[PDB]
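Now for the letters of each chain:
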Number of protein chains: 4
Amino acid sequence: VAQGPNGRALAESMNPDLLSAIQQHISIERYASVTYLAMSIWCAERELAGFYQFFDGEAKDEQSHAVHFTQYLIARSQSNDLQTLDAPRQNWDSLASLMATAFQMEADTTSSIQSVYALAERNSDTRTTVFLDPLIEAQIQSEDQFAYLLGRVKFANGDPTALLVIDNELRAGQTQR
Amino acid sequence: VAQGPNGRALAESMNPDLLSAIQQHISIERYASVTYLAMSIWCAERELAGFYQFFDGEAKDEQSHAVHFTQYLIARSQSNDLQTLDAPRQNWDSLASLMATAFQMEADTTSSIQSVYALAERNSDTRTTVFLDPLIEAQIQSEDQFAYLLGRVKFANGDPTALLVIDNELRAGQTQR
Amino acid sequence: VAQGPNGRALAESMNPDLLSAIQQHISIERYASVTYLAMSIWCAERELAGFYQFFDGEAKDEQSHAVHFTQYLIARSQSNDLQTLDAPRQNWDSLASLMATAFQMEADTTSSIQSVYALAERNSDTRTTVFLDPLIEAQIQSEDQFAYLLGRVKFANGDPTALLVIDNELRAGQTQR
Amino acid sequence: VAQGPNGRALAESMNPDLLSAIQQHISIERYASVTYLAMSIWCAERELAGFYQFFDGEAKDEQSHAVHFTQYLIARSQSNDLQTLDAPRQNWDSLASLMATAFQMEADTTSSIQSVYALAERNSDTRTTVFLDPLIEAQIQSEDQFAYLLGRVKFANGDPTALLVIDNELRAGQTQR
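Residues numbered from 1 in each chain as written, not as in the entry; some residues may be left out. Chains lettered and ligands numbered in written order. Part of a larger assembly, values for the part shown. Heavy atoms only, no water.

Enquirer: What should I look at first to understand the pattern of salt bridges in this one?
Expert: Two side chains that carry opposite charge are able to pair once their charged atoms sit near each other. Summed over the entire model, instances satisfying the criterion amount to 32 salt bridges over all chains. The salt bridge involving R76 of chain B is made with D125 of chain B; its shortest N-O contact spans 3.1 Å. Here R76 of chain B, found in the loop between helix 2 (49-75) and helix 3 (95-122), pairs with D125 of chain B, found in the loop between helix 3 and helix 4 (126-156); they are 49 residues apart in sequence, far enough to count as distant. For the salt bridge of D167 of chain C with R152 of chain D, the shortest nitrogen-to-oxygen distance reads 3.1 Å. Taken together, the residues span two chains, with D167 of chain C in helix 5 (residues 160-171) and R152 of chain D in helix 4 (residues 126-156). You'll find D167 of chain C and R152 of chain D in the same group, each marked buried. (Salt bridge = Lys/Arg side-chain N within 4 Å of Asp/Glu carboxyl O. Helix = DSSP H or I, 4+ residues; strand = E, 2+ residues; numbered from the N terminus. Buried < 20%, exposed > 50% of the residue type's maximum accessible area, 1.4 Å probe, protein only.)

Enquirer: How should the packing of helix 4 (residues 126-156) of chain C against helix 5 of chain C be read in this particular structure?
Expert: Two measures define how a pair of helices packs: the angle their axes make with one another and the distance between the axes. Residue and element names in this part refer to chain C. Running from N to C, helix 4 and helix 5 point in directions that differ by 155°, and their axes come no closer than 9 Å. The pairing of helix 4 with helix 5 is recorded here as roughly antiparallel in orientation. In this structure, helix 4 crosses over helix 5, and the sense of that crossing is right-handed. Seen from helix 4, the contacting residues are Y148, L149, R152, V153 and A156; seen from helix 5, they are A162, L163, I166, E169 and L170. Here the contact of helix 4 with helix 5 is built from residues that sort into 8 nonpolar, no polar and 2 charged. (Axes fitted to C-alpha atoms, helices over the stretch in contact; angles between N-to-C directions. Parallel < 35°, antiparallel > 145°, perpendicular 65-115°, else oblique. Left-handed = near helix turned anticlockwise from the far one by under 90°. Contact = heavy atoms within 4.5 Å. Nonpolar A, V, L, I, M, F, W, Y, C, P; charged D, E, K, R; others polar.)

Enquirer: Whenever I open this one, the relation of the copies chain C and chain A confuses me. Can you help?
Expert: Note: a rotation about an axis with an accompanying shift along it relates these two copies of the chain. Turning chain C through 120° and shifting it by 0.0 Å along the axis lays it on chain A, with an RMSD of 0.0 Å. What the rotation and shift describe, once combined, is the action of a three-fold rotation axis. No C-alpha of chain C lies nearer the rotation axis than that of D133 of chain C, which sits 5.2 Å from it. Of the residues that chain C buries at the interface, just 6% are likewise interface residues in chain A, meaning the two copies contact each other through different surfaces. (Least-squares fit on C-alpha atoms.)

Enquirer: Would you mind showing me how to read the UniProt feature "binding site: Fe(3+) 3" (unreviewed entry) in chain A here?
Expert: Mapped onto this structure's residue numbering, the UniProt feature "binding site: Fe(3+) 3" (unreviewed entry) falls at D133 of chain A. Along the chain, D133 of chain A falls in helix 4 (residues 126-156). Discounting residues that sit within four places of it in the chain, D133 of chain A has contacts with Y117 of chain A together with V130 and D133 of chain C. (UniProt positions renumbered as here; feature names shortened; annotations may be inferred.)

Enquirer: Sorry if this is basic, but what is going on with the nonpolar core here?
Expert: In summary, soluble globular proteins display a tendency toward joint burial of nonpolar side chains. Counting residues in each nonpolar core, the largest one holds 108 residues, and the members touching the most others are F55 of chain B together with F55 of chain C. Beyond its immediate chain neighbours, meaning those up to four positions away, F55 of chain C contacts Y36, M39, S40, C43, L98, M99, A102 and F146 of chain C. (Core = buried A, V, L, I, M, F, W, Y, C linked by side-chain atoms within 4.5 Å.)

Enquirer: In this structure, what is going on with the interface of chain C and chain A? I would like to understand it.
Expert: It is common to report an interface's size as the accessible area lost on association of the parts. Each partner contributes residues to the interface: chain C has 17 residues there, and chain A has 18 residues. In total, about 1,500 Å² of surface goes out of reach between chain C and chain A, with carbon and sulfur atoms giving 55% of it. By the criterion of area lost to chain A, the three top residues of chain C are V1, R127 and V130 of chain C, representing 34% of everything that side buries. On inspection of chain C and its partner chain A, the count reaches 2 salt bridges. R8 of chain C is the salt-bridge partner of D144 of chain A, the closest N and O atoms lying 2.8 Å from each other. At the junction of chain C with chain A, the criterion picks out 5 residue pairs in polar contact. Elements supplying a minimum of two residues to the side of chain C that touches chain A: helix 2 (49-75) and helix 4 of chain C. Among the elements that line the side of chain C that touches chain A, the one with the most residues is helix 4 of chain C, at 5 residues. (Buried area = accessible area lost by both parts, 1.4 Å probe. Polar contact = N/O pair within 3.5 Å; in protein donor to acceptor, adjacent residues only side chain to side chain.)

Enquirer: It is not clear to me how the packing of aromatic side chains should be interpreted in this structure. Could you clarify?
Expert: Remark: the centre distance and the inter-plane angle together describe each pair of aromatic rings, the angle taken between the planes. What the rule picks out here adds up to 28 aromatic pairs over all chains. With 6.5 Å between their ring centres and 55° between their planes, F55 of chain B and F146 of chain B make a pair best called tilted. Of this pair, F55 of chain B sits in helix 2 while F146 of chain B is found in helix 4, placing the two residues 91 residues apart along the sequence. Here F55 of chain B matches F146 of chain B in class, with each residue buried. Ring geometry for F54 of chain D versus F55 of chain D: centroids 5.1 Å apart, planes at 70°, classification edge-to-face. With respect to class, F54 of chain D is no different from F55 of chain D; both count as buried. Each residue in the set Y36, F54, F55 and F146 of chain A is aromatic and connected to the rest through ring pairs, giving one cluster. If you follow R177 of chain A out to its NZ or CZ, it ends over the ring of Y52 of chain B, 5.7 Å from the centre. (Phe/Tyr/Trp six-rings, centres within 6.5 Å; stacked < 30°, edge-to-face > 60°. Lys NZ or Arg CZ within 6 Å of the ring centre and 35° of its normal.)

Enquirer: Which parts of the structure should I look at to understand the side chain of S33 of chain C?
Expert: Residues and elements named next belong to chain C. Here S33 lies in helix 1 (residues 16-45). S33 gets classed as buried once you look at its relative accessible area, which sits at 8%. A polar contact of 2.8 Å, which involves the side chain of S33, links it to the backbone oxygen of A59. With near-sequence residues (within four places) excluded, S33 lies in contact with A59, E62 and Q63.

Enquirer: Even after reading the chapter, I still don't get unusual backbone geometry, so can you show me in this structure?
Expert: Phi is positive for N157 of chain A, close to 55°, though the residue is something other than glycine. Turning to its location among the elements, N157 of chain A is positioned in the loop between helix 4 and helix 5 (160-171). Take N157 of chain A: its relative accessible area is 66%, and that puts it in the exposed class. For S124 of chain C, which is not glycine, the phi dihedral falls at a positive 55°. Tracing the backbone shows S124 of chain C in the loop between helix 3 (95-122) and helix 4. We classify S124 of chain C as exposed; its relative accessible area is 53%.

Enquirer: Just to check I follow, could you spell out the relation of the copies chain C and chain B for this structure?
Expert: For the pair chain C and chain B, the best superposition has an RMSD of 0.0 Å and corresponds to a rotation of 180° with a translation of 0.0 Å parallel to the axis. The superposition operator between the copies reduces to a two-fold rotation axis. Across chain C, the rotation axis passes nearest the C-alpha of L85 of chain C, at a separation of 2.5 Å. Interface residue correspondence from chain C to chain B reaches 100%, placing this contact among same-surface, isologous pairings.

Enquirer: I would appreciate a short explanation of the arrangement of the chains in the present structure.
Expert: Contact analysis covers 5 pairs of chains in contact, and the most contacts occur between chains B and C. Without any contact between them, chain A and chain D keep their closest C-alpha atoms 39 Å apart.

Enquirer: I tried to follow the interface of chain C and chain B on my own but got confused; where do I start?
Expert: With 29 residues of chain C in contact, the opposing surface of chain B contributes 29 residues. Taking both sides of the interface into account, the surface hidden between chain C and chain B amounts to around 2,300 Å²; carbon and sulfur atoms contribute 55%. If you sort the residues of chain C by the area they bury against chain B, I41, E45 and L82 of chain C come out on top, with a joint share of 25%. Between chain C and chain B we count 2 salt bridges in total. Note that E47 of chain B and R8 of chain C form a salt bridge whose closest N and O atoms lie 2.7 Å from each other. On inspection of chain C and its partner chain B, the count reaches 5 residue pairs in polar contact. Secondary-structure elements contributing two or more residues to the side of chain C that touches chain B are helix 1 and helix 2 of chain C. The residue makeup of the side of chain C that touches chain B, split by class, is 12 nonpolar, 10 polar and 7 charged.

This is the structure:
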């Protein structure tokens, strides 16, 4: 029995560039997490409590997603490499602009997974493509969700009354179509 | 015992033009169903989730109404004739304009039933007039309902805040007076 | 943030031929639905109540499958295009012949999904292949199911007694191995 | 306040030929009742216990229908006139032939109600047409039911095995599509 780079018994070696791509993706999701934290703070500063609660939950979820990837590397007997995390964006001129950054962050997270997926396919790493499948499925739901929230906020057209109504929807857990 | 055109035992022959009118009405209700589906999609595209849910339910109900008519033809030992279904309208400039098409579609469905009713009366088909009676009663309630939703949306006068409030009413199931 | 063809925020553009293939597949499933409705009616005309109930449920399920595809297009910010629906086949010489059309319709539905799948793979649309995966899994179960019902009806060899027994199995919900 | 022919306070006089038609219809339903009793006996003589139980219940139901009509005459302050009841048919060569008489008896019962209905319409007796409406609705269901049982028995094509299976369906209460 061979030993993997993290010391565990190795079921199948992983190509080093695929390993590197997974480690980078973990950083992307950790960065998404702290970005949702910053967005949570921005909303709380403006008394948008429903948005604050929503983004506080999203930050914790994205961190859970990141940890789920570290567990996969352990399962493949590969080394993790937790990296330096950049500071998040923290300033926006409006909730519409913040929601636009939030949607693009989710789309960019999916693009990162797709990049790992294509590399796994080129290397015929069926374990990794199968591992990623339900994660892509969740990203479809998240993109649909953030498109809904972004479009609802844009429909409000900057009217405080409409934004208070949406804020109360989010506080109640009404965050999807 | 005589055999009906669909092969079952025949309690009483049905006039061919009345049969034709019932078969056409089934197409009307199937067309109403796919029209409410298209309206459901239009609302979902604009993040009007309550309207999307309402019209999704209406599409399923109208299809149930259509099937209820096919069961009557079976019960009368008559042949069904499921027809080609036209594509629904799919574009509207506003929710007020969509709701106007929805109300007119319900009124047109009632007009179709009334046309079948008058033909049955001319042919003294008391089974058919009795069968249609509760269906007309339901159409009165549906017309009242769509007049309520249309009038509420018109009262909003295109204000996004008011439309979000109405959208949330529909999501909660508050769809009638 | 870019806007998709249906107006929502766009996570990733979809190739126009893949969009067209998904829209056509929605028509296939809508056509399967009305075909199972016609089969339901054929069985009810011959007092095969269990088969009538089975196909009535299948028609509603296939319509749900079609709607599930329209929701995916919304989620991808793509336009739906609900099309003209052909009239279904409505005449068969025997239950064995009807069940043969039913099995071929399910197999043809899977072929349609496979065609969309291959197009998505060529365009590297991992969202679509992941979305289709559980739908292919359900089609495997449906093919197994219709092969079971078709083979059971063929085993009956046109004997009314055997067909009544099978009809009662279906009425009780005994529709699979 | 005027007094009706049965001595009660009279809300509105009834035309004598309409009264006569209702009294005759009561005889029709009483005759249907004793006919289903005779059919019950025929089935019990041949150990068709499910059919025996079904027709025993039908005899009691038809008698209830007859009594419901006598109550309407009381409600209209009209005299009842319970008539001589003919002996029922009691001999059939097969269950298929018995079921044919049963279906025709139900269709003939509906024809009798339709005849009363037309007379009420000519005399503008809206109380009577409204009273008959749910009774016609029940006759549609009964015709559908007897067409189902007749067609199922004909499908059996005189095979004892198939008739035993149907007999057991009826004993379990499986009497409709």
